[PDB]
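What follows is one structure encoded as structure tokens, with my remarks underneath.
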Amino acid sequence: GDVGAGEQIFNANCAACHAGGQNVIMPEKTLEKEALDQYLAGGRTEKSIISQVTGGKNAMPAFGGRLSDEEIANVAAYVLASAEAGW
Ligand code: HEC
Ligand SMILES: [Mg+2]
């Protein structure tokens with residue numbers, strides 16, 4: 001994916017709840033690689049991130065209306081790379 005576009009999408013749509021890769025609303029369920037391993041359905045993969053961004057889960061809204069599939073793929077790439085980089 002395009003992590004540059006991904007970062008822009010993240011700043012506009014995700015950073016309010018996930019700034020610094022954390023999780024405001026559900027504190028343990030962060031975007032850190034270890035938390036993705038534990039708490040994300042399907043584990044630490046771009047595919048699993050795309051699924052959750054697209055459909056939402058619990059307090060996390062769905063982005064399938066607001067974003068295109070390309071935008072979702074790009075933000076997923078950014079999240080995975082940032083997780084691997086420890087935010
Ligand atoms: C606040 C209203 C949120 C916004 C905006 C976004 N997310 Fe989120 N996210 C939020 C919650 C409450 C949770 C936990 C859901 C649950 O109950 O299991 C999440 C989870 C994620 C995850 C998985 C993290 C983990 O399990 O450790 C990912 C990968 C994720 N969220 C990504 C993400 C992106 C890329 C967003 C912008 C498009 C985004 N979220 C918005 C809360 C909120
Ligand atoms: Mg679609």
Side-chain angles (χ1 to χ4, degrees):
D2 180 338
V3 302
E7 186 168 357
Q8 291 158 31
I9 297 152
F10 186 92
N11 290 341
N13 293 279
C14 319
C17 297
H18 294 299
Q22 307 310 296
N23 189 327
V24 171
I25 290 174
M26 195 49 52
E28 296 164 83
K29 297 193 172 74
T30 71
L31 308 190
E32 301 279 14
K33 68 192 188 176
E34 299 88 0
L36 298 175
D37 287 345
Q38 185 174 179
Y39 294 113
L40 179 56
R44 191 212 307 184
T45 73
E46 185 172 335
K47 180 195 163 92
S48 301
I49 298 161
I50 288 169
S51 179
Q52 189 141 312
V53 169
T54 304
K57 187 181 184 158
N58 298 320
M60 175 166 157
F63 289 83
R66 160 104 303 206
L67 301 176
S68 67
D69 292 328
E70 183 75 6
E71 286 165 338
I72 292 168
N74 288 334
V75 77
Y78 171 74
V79 170
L80 185 60
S82 298
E84 292 286 350
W87 292 93

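Just follow the structure's listing: the first ligand is 1, and inside any ligand the first atom is 1. Starting from 1, each residue takes its place in the sequence as its number.
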Least distance between heavy atoms, [X] atom then [Y] atom:
X	Y	answer
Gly43	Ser48	O-CB, 3.2 Å
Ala16	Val24	O-CG2, 3.5 Å
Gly6	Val75	O-CG2, 3.6 Å
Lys57	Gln52	CD-OE1, 3.5 Å
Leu80	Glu46	CD2-N, 4.1 Å

Pick, from [options], the option with the minimum heavy-atom distance to [atom].
atom	options	answer
atom 19 (C) of ligand 1	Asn23, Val24, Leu80	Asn23
atom 23 (C) of ligand 1	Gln52, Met26, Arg44	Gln52
atom 30 (C) of ligand 1	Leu31, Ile72, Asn74, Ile25	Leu31

State whether the side chain of [X] and the backbone N or O of [Y] hold a donor-acceptor pair below 3.5 Å, judged by distance alone.
X	Y	answer
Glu34	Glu32	no
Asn23	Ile25	yes
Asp2	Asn74	no

Considering heavy atoms of the protein only, find what lies nearest to [atom] and give residue, atom and distance to 0.1 Å.
atom	result
atom 18 (O) of ligand 1	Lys29 CD, 3.3 Å
atom 34 (C) of ligand 1	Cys14 SG, 3.3 Å
atom 2 (C) of ligand 1	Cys17 SG, 2.6 Å

Per-atom contacts of ligand 1 with [X], taking only distances under 4.0 Å to non-hydrogen atoms:
X	result
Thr30	24 (C), 25 (C), 27 (O)
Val53	34 (C), 35 (C)
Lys57	15 (C), 18 (O)
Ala35	27 (O)
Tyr39	25 (C), 26 (O), 27 (O)
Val79	35 (C)

With the Mg ion (ligand 2) as the point of reference, which N/O/S atom of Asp69 is the closest?
OD2
Taking atom 8 (Fe) of ligand 1 as the apex, NE2 on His18 and SD on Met60 give an angle, to 10°, of 170°
Taking the six-membered ring for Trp, are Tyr78 and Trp87 parallel (under 30°), tilted (30 to 60°) or perpendicular (over 60°)?
perpendicular
Run the salt-bridge test on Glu84 and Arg44 with the 4.0 Å N-O cut-off and return the result as yes or no.
yes
Taking distance alone, with N or O pairs closer than 3.5 Å, would you say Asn58 contacts ligand 1?
yes
